[PDB]
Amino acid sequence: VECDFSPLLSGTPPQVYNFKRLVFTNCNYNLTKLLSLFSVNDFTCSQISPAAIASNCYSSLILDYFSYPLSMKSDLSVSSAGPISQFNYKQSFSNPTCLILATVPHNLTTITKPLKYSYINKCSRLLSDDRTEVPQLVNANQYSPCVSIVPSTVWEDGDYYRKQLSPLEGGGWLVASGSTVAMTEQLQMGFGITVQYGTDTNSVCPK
């Protein structure tokens, strides 16, 4: 029952803060085949190893993908204290984890290209007492609150985003800022893999 990886091969991959999630759950996968459609630049794991990640059988397998510039390689790792894991995308620290940076080659042509790389570089709430700023740090497996006020791709590098919240939503302001990195000749992406094992139900084995 092949895992459907094709939707990754078709269309413009989102920016990092709109990371696209694929959840596979009862199928056979050939990961070391998918990666063979790309030029893998970095492949870093955590509680697993690139060899094992492709080999083992899981109860669940999560694949996040997004446009992401090679030039920001240091901002995408478990250990990074940067703005990416702070405001855009943080994966779980308690499930074994992987992090691939790859480039789509001239070979593969069905992946359209955003206008540039964006990422949220600050994201805060201005509480309604008018004098408190509370940084909205992204939780694992979730989106930043600021996804609602930031465009699919940041227009220009300094762009500042400000939104007033209804007393329902807490009642302050939700404020954000985005940064851009110029588009590269061939598109460069980041893939996050997240696996879950046990408890008797590891049916995402490979083919």
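Note that residue numbering begins at 1 and tracks the sequence as displayed.
- For the segment pair 177 to 185 and 39 to 47, the entry gives 39 to 47 the higher mean B-factor, averaged over Cα atoms.
- Higher mean CA temperature factor, per the PDB entry, when comparing 50 to 58 with 143 to 151: 50 to 58.
- Annotation for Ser118, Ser124, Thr109, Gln86: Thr109 ranks highest, by Cα B-factor.
- When all modelled residues of the chain are sorted by CA temperature factor, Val78 is found within the highest third.
- When the modelled residues of the chain are ordered by C-alpha B-factor, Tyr160 sits in the lowest third.
- Ranked by Cα temperature factor within the chain, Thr132 sits in the middle third according to the deposited record.
- Residue-level temperature factors show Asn28 in the highest third of its chain, judged at the C-alpha atom.
- Sort the modelled residues of the chain by CA B factor and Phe19 lands in the lowest third.
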